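Below you'll find only one chain, the form deposited in one PDB entry, shown as structure tokens.
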């Protein structure tokens, strides 16, 4: 409860993360650091030279092929503990995360781990071990000299002599730095002795891990109020001279409250309070998702657990509940400000994989273990059954958690790409008759103009049955559409729309709901390959509808409008669309040529290219179908130094020379007649 005494003082806060190479001592270090006094945040109170401090250990992923996570995490912290394995030394993955910390103006401190190996396995002398440390330190300081902001290329360098380097063993719970040696008296030659005779418990208290490392933390990693003076200008795109800008610049609880969301686990959003003061029952603007909401329960962290609190000021790490669907990275503020991150594309599942248990035993909580990942991850959809997500790696993570963590031996099919269908020309008028031949509909389908589709995808024109027809009609006419036709707008559905341009059709109003259901069925599965349809306009030109509902069931109306739509589409040059990924790659400049080649080899294109000193951020787009194995390729092409990630970037038309074989595969896979249908197969004779 001394936490509340501490949160009011920015200069007493340490917002930090741990960057460790896969198996260099990360979770071990985190765990034993807390015990020494996936989690979004874990906090620690630490006494240093009389005063107490509150240190926030924020989750900081280091999977270089999930760049998005690494980058976001770095943006949240002011200081990072680089952890390097004494034996193994500075690894390529370690260089990459360090690079990201430096890019996001995060000050580094070093912890050389697994020294216990140096002592027991190799029987090194103190002299030899200190020299080993010096090459590790030299390697790290080459990274800082190369990639740190120019202001800090020398300042941010780490040195054992001032205690911006410590060394020890996370596992065996001990660490040393020279400033700890001179306020305690201990030397390194005893720790060697204590290690070699096996006196683990005396080692543990004569040179304690948490004491030495957190000393380094407090002494050398900045507080929010210190760091936000140089970090906010690099993090935020708005007017710094403004007053929301100055409120974040200085670490300001005076001001209007502004926070960023770091992670989401009811739903719980962890976040960092840049300026102002968060409060329970606080109304806020969610800047990217462009909606509004109210903060229900606020809390602060005590180690792993969240303890309810409500008025907690700038500089702190917060948990809040009931923030709607705001995803990690969103800017939350009492005002409307320029967001820290830009709006991200919507995301839809585009790869699917077939999974089963190869031991027919573990199945029913394999089926729990399936919608269990769907529990925690909305972007994961499960139907065997089928796993559908955002890409190869997104799925693989799940497949990794099922075999190892949930202990299931599993068979896994080759991945399948999810395609879509559209058309490229307008159709002639087509008639659908119900089977009983008492209801008739006359339609055309037209290619939907890009400007209208985009307007639908980005919310300007809402999905669903159209509540305000004359308003939407006017918006459509603002876009390219003929206003009079536009007024017949009825439904918008998954990137398509249905339009009624009939006049004086008695009882049309009795069947309109069924026509829309049938419309939806027609878009659910297109005529080329039963893939979902996008970018089609259906227009109802005319119709004859029976007086009496006994002659108008679903069984009459559905097949009439469904077959009409599909036949018409077949007459309009039906085509396949395929999903693309936006590819965000971070590399040392020397690899620029190689990476470009790699993107071009997968039918991709460079979109953008940003440069900062010796580092390079490139943005590309490539077909999901061409991106399998990309981690492998970009790894060797960069000697493990690429940081990268992907986002959904919508759908584009499949090139004509690739399409027929892809259609054939999809139809074969679905147990259909392999031939791409033609209008002769879908439309009825004479």
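Numbering follows the first chain given and starts at 1. If you superpose the two forms and keep the largest set of C-alpha atoms that fall within 1.5 Å, you have the rigid core.
Although it is not shown, the form deposited in another entry is what the next lines describe.
Query - Entry of 482, 150, 614, 608 that shows, once the rigid core is matched between this form and the one not shown, a C-alpha shift of 2 Å or more - result: After core superposition, the one over threshold is 482.
**Report entry** residue 355 C-alpha relocation of at least 2 Å between this form and the one not shown, rigid core basis
**Finding:** For residue 355, whose C-alpha is compared between this form and the one not shown after core superposition, the shift is less than 2 Å.
Query raised in the report: Rigid core fitted, is the C-alpha displacement of residue 126 between this form and the one not shown 2 Å or more?
Result: Yes; residue 126 is a residue whose C-alpha shifts (by 2 Å or more) between this form and the one not shown when the cores are overlaid.
Query raised in the report: Would the C-alpha of residue 240 be classed as shifted by 2 Å or more between this form and the one not shown after rigid-core alignment?
Result: Where the cores coincide, residue 240 shows only a C-alpha shift between this form and the one not shown that is less than 2 Å.
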